[PDB]
Amino acid sequence: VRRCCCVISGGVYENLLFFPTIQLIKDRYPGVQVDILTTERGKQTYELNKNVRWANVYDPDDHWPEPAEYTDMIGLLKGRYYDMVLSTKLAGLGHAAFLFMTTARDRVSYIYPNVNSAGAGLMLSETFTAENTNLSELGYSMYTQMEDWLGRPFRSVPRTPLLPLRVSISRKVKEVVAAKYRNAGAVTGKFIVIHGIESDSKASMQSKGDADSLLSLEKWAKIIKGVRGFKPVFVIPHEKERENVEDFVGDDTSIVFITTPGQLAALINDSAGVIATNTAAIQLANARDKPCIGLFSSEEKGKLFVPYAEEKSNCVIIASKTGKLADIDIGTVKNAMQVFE
Amino acid sequence: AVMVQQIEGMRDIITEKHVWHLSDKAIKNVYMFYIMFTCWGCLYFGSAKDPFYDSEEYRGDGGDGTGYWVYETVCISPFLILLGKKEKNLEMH
Amino acid sequence: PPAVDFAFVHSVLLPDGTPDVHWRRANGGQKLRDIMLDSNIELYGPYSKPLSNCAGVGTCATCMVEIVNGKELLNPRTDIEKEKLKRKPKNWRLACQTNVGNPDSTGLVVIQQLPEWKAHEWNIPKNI
Amino acid sequence: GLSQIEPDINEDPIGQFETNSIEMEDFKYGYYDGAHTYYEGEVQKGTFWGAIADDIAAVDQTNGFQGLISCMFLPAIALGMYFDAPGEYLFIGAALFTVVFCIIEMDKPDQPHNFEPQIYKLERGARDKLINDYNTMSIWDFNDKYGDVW
Ligand code: FES
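Protein chains in written order, with the authors' numbering: chain a, 115 to 455; chain d, 65 to 157; chain c, 67 to 194; chain e, 51 to 200.
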């Protein structure tokens with residue numbers, strides 16, 4: 115192939131965990147101008163790839179788009195003259211016709227388990243029947259079928275990971291996030307991000323399969339009071355939480371407003387510690403070898419969204435014994451003191 | 065021109081009724097003068113210091129004069145920073 | 067008897083420069099407007115004239131009173147107090163929409179009347 | 051505008067219909083709307099001719115001759131009627147004025163805002179189309195960054 119589309123979906127998290135797949139594609143073939151037809155909140159993540167070209171905004175999980183927009187994007191994918199598609203939109207017929215209408219040599223897609231994929235094989239080169247209908251619920255991998263097809267053994271080794279999730283930040287986002295946390299009470303070396311706050315916003319980068327992923331503030335106040343301050347900078351998804359956070363943990367605590375995942379990764383790269391709950395902050399921390407702890411609502415979701423915790427030797431994964439994200443708030447403090455210094 | 069009209073209700077009316085018209089030739093002449101004014105302005109104000117489409121605000125960022133230069137620019141400068149990022153990763157970040 | 071202890075700090079300071087506390091006794095919780103009117107303390111201010119206020123329903127933002135030490139026995143903001151005032155320090159409630167509880171009630175709510183036209187800020191200790 | 055980073059999506063799409071203005075709670079009347087600004091005392095002179103000719107001089111690329119003919123053109127057509135009725139002379143003279151203006155508008159200055167957007171890199175003063183007839187500089191291919199510094 116020479117040009118490769120990607121019709122992925124989900125938002126911030128699911129677009130982030132596709133970076134191993136795109137690096138796999140660019141490792142399989144020498145030169146691939148990769149394009150992404152994703153949803154808004156997903157294009158922003160594609161500042162952090164250094165392997166992509168266009169990254170347009172479509173929201174393929176709309177199912178009922180404007181025919182002007184639908185035909186515009188169909189003709190766009192046609193006029194870019196792709197050779198592979200690799201949807202992972204998780205739909206069969208209807209969307210299979212949307213991939214077929216694109217002049218593509220190798221239409222690759224995911225498929226509903228239900229009857230909704232009645233005729234997807236008539237248009238696709240690969241089937242990839244899936245699980246749970248909510249693929250992000252599958253966890254961090256989410257693409258093992260797409261990966262174990264991409265670069266199957268035909269001449270050489272697959273090499274499906276390349277040191278998973280090598281995100282990369284630019285210097286301008288680094289400078290503006292540095293000015294952000296310096297306008298806060300933080301120094302570039304000794305500070306710690308948070309990125310877990312009770313909110314109602316899509317900028318917290320949670321998931322499509324996790325509901326009780328974001329932790330409360332009074333429980334977060336007890337967590338952060340249990341630990342001596344290494345200047346924890348708070349990462350709110352919206353300014354309305356700022357006056358809430360100052361009302362809960364105190365006026366002295368410094369809050370940084372980050373909604374762009376590129377700005378978030380620029381914050382991670384300068385941070386020396388991460389106390390994230392199940393958001394994209396955990397994976398951006400595991401990228402660039404930063405020390406996380408990674409709270410979770412269950413050991414199942416913790417193993418699913420962090421299977422490689424035994425490979426970085428810093429992300430001491432934490433969960434809750436019961437559900438509903440009611441964790442201990444005691445031993446997490448102990449191994450936080452262990453790992454952050 | 066002057067007419068007295070009787071009406072039962074209110075009063076008498078002293079209508080005047082100056083029926084006139086600009087005329088066929090004068091209408092052509094005002095078309096002529098306005099087209100000549102359009103010529104004069106199209107040339108002169110065309111030769112004026114258009115302050116917006118001269119500076120580094122329009123002509124700097126893109127500034128071709130299209131309406132897609134904004135969108136293709138903010139679709140290209142992501143690609144340019146991504147290419148520079150790949151060049152940075154080519155030489156060990 | 068079950069007596070709720072109001073204070074009703076006036077907005078105008080005395081010529082001494084110290085606030086004046088009046089300590090109205092009125093029993094039970096029905097409505098803070100009806101309590102401040104039955105017990106005869108200045109609630110409205112210049113809106114105390116007859117038709118200069120809505121007289122209890124909540125359509126005007128006139129009987130607003132800053133209440134501190136009052137997280138104990140109140141009704142929550144009834145979405146008229148949350149809407150008819152929108153950008154306030156959140157200690158300010160409308161007396162005729164709020165309610166200090168039920169007859170069997172004791173407490174020490176201190177309610178600075180006329181928060182508009184005041185000189186002091188009250189420096190409430192930060193919550194949580 | 052530029053937006054080197056990707057901008058932040060607004061979580062509050064304010065409304066399909068109501069405007070994007072601030073509410074009256076935060077509106078400082080008088081100063082914003084100009085209803086209580088303009089205290090006379092900071093104003094300046096230039097009574098209607100020291101500020102018209104100033105504005106004409108502010109926006110003008112007309113030289114001595116081109117410009118004089120521009121000032122005398124519309125008075126010539128205005129006196130094409132109410133003084134005489136030449137006819138085709140007016141249109142022939144107007145075409146002559148247009149053509150001589152366009153020949154004059156092949157200006158000796160080239161004013162690099164005239165050129166393509168791809169030209170704006172740096173150092174574009176060393177580029178001199180102003181004097182160099184038959185430039186012969188293959189930089190308008192616009193597919194590779196040639197070093198035109200010579
Ligand atoms: S009197 Fe109108 S709000 Fe209470």
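Don't be surprised by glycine CBs; every beta carbon is placed ideally from N, CA and C.
Does the beta-carbon of residue 163(a), which I'm using as the reference point, lie nearer than 7 Å to any heavy atom of the ligand FES? no
Grouping DSSP H, G and I as helix and E and B as strand, with all else coil, what is residue 170(a)? strand
Can you tell me whether residue 94(e) is helix, strand or coil according to DSSP? coil
Can you name the start and end residues of the beta strand (DSSP E) that residue 130(c) belongs to? 130 to 134
Let's see if you can read the secondary structure: which residues bound the beta strand (DSSP E) around residue 398(a)? It is not in any beta strand (DSSP E) - residue 398(a) instead sits in the alpha helix (DSSP H) that spans 394 to 400.
Can residue 446(a) and residue 382(a) be called in contact, C-beta distance under 8 Å? no
Mind the definition here: the segment 359 to 368 of chain a touches the segment 71 to 78 of chain d only if three or more C-beta pairs lie below 8 Å; say whether that holds. no
When the Cα atoms are used, what is the spatial distance from residue 233(a) to residue 119(a)? 22 Å
Report the rounded CA-to-CA distance for residue 311(a) versus residue 253(a), giving the unit in angstroms. 21 Å
For the beta strand (DSSP E) that residue 348(a) lies in, which residues bound it at each end? 348 to 350
Does the ligand FES have even one heavy atom less than 7 Å from the beta-carbon of residue 303(a)? no
Considering only heavy atoms of the ligand FES, does any lie closer than 7 Å to the CB of residue 52(e)? no
Same chain, Cβ closer than 6 Å to residue 184(c), five either side skipped, listed in chain order: 77
Range covered by the alpha helix (DSSP H) that runs through residue 136(a): 133 to 142
So which of 351(a), 303(a) and 290(a) has the shortest CA-CA distance to residue 316(a)? 351(a)
So the candidates are 179(c), 73(c), 186(c) and 193(c); which of them puts its Cα closest to the Cα of residue 83(c)? 186(c)
Return the Cβ separation of residue 149(c) and residue 159(c) in integer angstroms, given the expectation that the two are a contact with Cβ distance under 8 Å. The Cβ separation is near 13 Å, so there is no contact.
Could you tell me which of 141(d), 106(d) and 156(d) sits nearest to residue 147(e), measuring between CA atoms? 106(d)
Taking the C-alpha atoms as reference points, what is the distance between residue 288(a) and residue 259(a)? 35 Å
In the structure shown, what three-state DSSP assignment does residue 148(e) receive? helix
Please identify, using Cβ separations under 7 Å, the residues of the segment 341 to 371 of chain a that lie next to chain c, in order along the chain. 361, 362, 364 and 365
Should residue 157(c) be flagged as near chain a, meaning a C-beta pair shorter than 8 Å? no
Could you check if residue 139(d) belongs to the surroundings of the ligand FES, using beta carbon to heavy atom distance under 7 Å? no
Under 8 Å by Cβ, that's how I've got residue 281(a) and residue 398(a) pegged, so tell me the actual separation to the nearest angstrom. 6 Å
Ranges of the alpha helix (DSSP H) found wholly within the segment 67 to 111 of chain d, counting only runs of at least 4: 88 to 108
Are residue 163(e) and residue 123(d) touching if we call contact CB-CB under 8 Å? yes
Using a C-beta cutoff of 8 Å, does residue 129(e) count as contacting chain d? no
If the cut is a Cβ gap below 9 Å, which residues of chain a does residue 211(c) touch? In the structure as shown, chain c begins at 67 and stops at 194. Residue 211(c) is therefore absent and cannot be evaluated.
For chain d, check one thing: does any of its Cβ atoms lie closer than 8 Å to the Cβ of residue 101(e)? no
Can you say whether residue 156(e) is buried or exposed, counting buried as having 16 or more other CB atoms within 10 angstroms of its CB? exposed
Output needed in chain order: residues of the segment 79 to 107 of chain d with a Cβ under 8 Å from some Cβ in chain e. 93, 96, 97, 100, 101, 103, 104 and 107
The ligand FES heavy atoms versus the CB of residue 165(c): any closer than 7 Å? no
To the nearest angstrom, report how far apart residue 128(a) and residue 66(e) are at their CA atoms. 30 Å
In the DSSP assignment, find the beta strand (DSSP E) that holds residue 214(a) and state where it starts and stops. Not the beta strand (DSSP E): residue 214(a) falls in the alpha helix (DSSP H), residues 209 to 215.
Give the residues of chain d in contact with residue 163(e), contact being defined as C-beta atoms less than 9 Å apart. 114, 117, 118, 119, 122, 123 and 127
Would a check of beta-carbon distances place residue 109(e) closer than 8 Å to chain d? yes
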